[PDB]
Amino acid sequence: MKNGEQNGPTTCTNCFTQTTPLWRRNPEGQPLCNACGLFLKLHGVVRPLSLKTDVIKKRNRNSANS
DNA sequence: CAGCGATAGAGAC
DNA sequence: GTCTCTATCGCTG
Ligand SMILES: [Zn+2]
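Residues numbered from 1 in each chain as written, not as in the entry; some residues may be left out. Chains lettered and ligands numbered in written order. Heavy atoms only, no water.

- Per the deposition metadata, solution NMR was the technique used to determine this entry.

Pasting the structure below:
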């Protein structure tokens with residue numbers, strides 16, 4: 001389609017967040033967003049998802065990213 | 001050209 | 001000053 005816009009709604013099975021810079025996955029084949037896969041895998045233990053937030057701090061960038 | 005992993009940085013008190 | 005949590009970068013095919 002010429003729309004090219006959104007067509008596949010990915011869902012984080014851990015926090016349902018649809019806003020993320022990189023989609024991660026669990027060694028079990030379950031889809032995760034950014035922090036869920038990075039944080040859960042490194043901790044190996046469940047932790048209050050209460051850390052759920054819709055606001056993410058944006059960091060600086062390189063001179064130019066193609 | 002795009003996607004991913006690992007490491008390090010920053011913030012608040 | 002120290003500690004924790006999260007994101008981006010660089011590299012390869
Ligand atoms: Zn998530």
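1. Here we look at the protein's contact with DNA strand C
Working step 1: Surveying the vicinity of DNA strand C reveals 13 residues, the closest of which are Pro 21, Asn 34, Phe 39, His 43 and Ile 56.
Working step 2: Atoms of DNA strand C within 4 Å of the protein: sugar and phosphate make up 81%, bases the balance.
Working step 3: At 2.4 Å from a phosphate oxygen of DNA strand C is found a side-chain nitrogen or oxygen belonging to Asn 34.
Working step 4: Between DNA strand C and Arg 47 there is a distance of 3.5 Å, counted from a phosphate oxygen to a side-chain nitrogen or oxygen.
Working step 5: At four residues, helix α1 (residues 35–43) tops the list of elements feeding residues into the surface near DNA strand C.
Working step 6: Taken together, the residues of the surface near DNA strand C sort by class into five nonpolar, four polar and four charged. (Near = heavy atom within 4 Å. Polar contact = N/O pair within 3.5 Å; in protein donor to acceptor, adjacent residues only side chain to side chain. Helix = DSSP H or I, 4+ residues; strand = E, 2+ residues; numbered from the N terminus. Nonpolar A, V, L, I, M, F, W, Y, C, P; charged D, E, K, R; others polar.)

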